[PDB]
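Engineer: Got a structure for you, query09.cif, holding mmCIF, C-alpha atoms.
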data_start
loop_
_atom_site.label_atom_id
_atom_site.label_comp_id
_atom_site.auth_asym_id
_atom_site.auth_seq_id
_atom_site.Cartn_x
_atom_site.Cartn_y
_atom_site.Cartn_z
CA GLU A 1 4.09 0.71 12.37
CA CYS A 2 3.35 0.41 8.66
CA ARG A 3 5.23 0.00 5.37
CA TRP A 4 6.35 2.98 3.30
CA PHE A 5 6.37 3.51 -0.47
CA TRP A 6 7.75 0.49 -2.33
CA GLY A 7 8.16 -1.53 0.85
CA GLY A 8 6.11 -4.65 0.22
CA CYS A 9 2.88 -6.12 1.58
CA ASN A 10 0.03 -8.57 1.00
CA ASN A 11 -3.06 -6.79 2.33
CA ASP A 12 -4.25 -3.19 2.66
CA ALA A 13 -3.74 -3.28 6.43
CA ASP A 14 -0.07 -4.12 5.89
CA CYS A 15 0.37 -0.68 4.33
CA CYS A 16 -0.13 2.65 6.10
CA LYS A 17 -3.59 4.23 6.35
CA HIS A 18 -2.79 6.47 3.37
CA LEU A 19 -0.75 3.87 1.49
CA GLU A 20 -2.84 1.23 -0.28
CA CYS A 21 -1.50 -2.20 -1.21
CA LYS A 22 -2.44 -3.34 -4.72
CA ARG A 23 -4.46 -6.57 -4.77
CA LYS A 24 -2.57 -7.80 -7.84
CA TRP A 25 0.93 -9.29 -7.97
CA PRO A 26 3.31 -7.82 -7.70
CA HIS A 27 1.83 -6.67 -4.39
CA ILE A 28 3.32 -3.41 -3.10
CA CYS A 29 2.31 -0.38 -1.04
CA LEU A 30 1.32 2.57 -3.23
CA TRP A 31 -0.25 5.99 -2.70
CA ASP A 32 -4.04 6.37 -2.77
CA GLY A 33 -4.48 10.14 -2.68
CA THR A 34 -8.13 9.91 -1.64
CA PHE A 35 -9.05 10.56 1.99
CA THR A 36 -10.60 7.44 3.52
#
Represent the structure of the file as structure tokens.

Structural biologist:
Amino acid sequence: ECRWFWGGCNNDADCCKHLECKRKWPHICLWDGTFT
């Protein structure tokens, strides 16, 4: 399972495949939009 929008995380893996975690505090799971 992964974290949803505004769920919290530290790394990109922590967030879903589509959701990307910002590498700058505050660290949260956001939406990328671009297909990996």

Engineer: For residue 29 in chain A, work out the shell of residues within 7 Å, counting all atoms listed in the file and skipping chain neighbours fewer than 5 positions away, then give it as a PDB file with C-alpha atoms, keeping the file's coordinate frame.

Structural biologist:
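Contents of part_0.pdb, as written:
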ATOM      1  CA  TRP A   4       6.350   2.980   3.300  1.00  0.00           C
ATOM      2  CA  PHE A   5       6.370   3.510  -0.470  1.00  0.00           C
ATOM      3  CA  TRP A   6       7.750   0.490  -2.330  1.00  0.00           C
ATOM      4  CA  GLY A   7       8.160  -1.530   0.850  1.00  0.00           C
ATOM      5  CA  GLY A   8       6.110  -4.650   0.220  1.00  0.00           C
ATOM      6  CA  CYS A   9       2.880  -6.120   1.580  1.00  0.00           C
ATOM      7  CA  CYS A  15       0.370  -0.680   4.330  1.00  0.00           C
ATOM      8  CA  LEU A  19      -0.750   3.870   1.490  1.00  0.00           C
ATOM      9  CA  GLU A  20      -2.840   1.230  -0.280  1.00  0.00           C
ATOM     10  CA  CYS A  21      -1.500  -2.200  -1.210  1.00  0.00           C
ATOM     11  CA  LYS A  22      -2.440  -3.340  -4.720  1.00  0.00           C
TER      12      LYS A  22
END

Engineer: What does the distance between CA of residue 36 in chain A and CA of residue 24 in chain A come to in Å, to one decimal place?

Structural biologist: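 It comes out at 20.6 Å.
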
Engineer: Calculate how many Å separate CA of residue 25 in chain A from CA of residue 1 in chain A, rounding to one decimal.

Structural biologist: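 The value is 22.9 Å.
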
Engineer: Take the PyMOL selection byres ((chain A and resi 17) around 10), apply it to the structure above, and return the hits as JSON, numbers by chain.

Structural biologist: {"A": [2, 3, 12, 13, 14, 15, 16, 18, 19, 20, 31, 32, 35, 36]}

Engineer: I need the residues from that last selection saved to file as an mmCIF file, in the frame of the given file (with C-alpha atoms), if you can.

Structural biologist:
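Writing done, so here's out-v6.cif:
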data_model
loop_
_atom_site.group_PDB
_atom_site.id
_atom_site.type_symbol
_atom_site.label_atom_id
_atom_site.label_comp_id
_atom_site.auth_asym_id
_atom_site.auth_seq_id
_atom_site.Cartn_x
_atom_site.Cartn_y
_atom_site.Cartn_z
ATOM 1 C CA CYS A 2 3.350 0.410 8.660
ATOM 2 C CA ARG A 3 5.230 0.000 5.370
ATOM 3 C CA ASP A 12 -4.250 -3.190 2.660
ATOM 4 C CA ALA A 13 -3.740 -3.280 6.430
ATOM 5 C CA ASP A 14 -0.070 -4.120 5.890
ATOM 6 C CA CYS A 15 0.370 -0.680 4.330
ATOM 7 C CA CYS A 16 -0.130 2.650 6.100
ATOM 8 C CA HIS A 18 -2.790 6.470 3.370
ATOM 9 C CA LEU A 19 -0.750 3.870 1.490
ATOM 10 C CA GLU A 20 -2.840 1.230 -0.280
ATOM 11 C CA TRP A 31 -0.250 5.990 -2.700
ATOM 12 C CA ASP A 32 -4.040 6.370 -2.770
ATOM 13 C CA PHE A 35 -9.050 10.560 1.990
ATOM 14 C CA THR A 36 -10.600 7.440 3.520
#

Engineer: Can you sort out the box for range 1-17 of chain A, edges along x, y and z, all listed atoms in, 3 Å on every side, with centre and edge lengths in Å to one decimal, as AutoDock Vina command-line options?

Structural biologist:
--center_x 2.0 --center_y -2.2 --center_z 5.0 --size_x 18.4 --size_y 18.8 --size_z 20.7
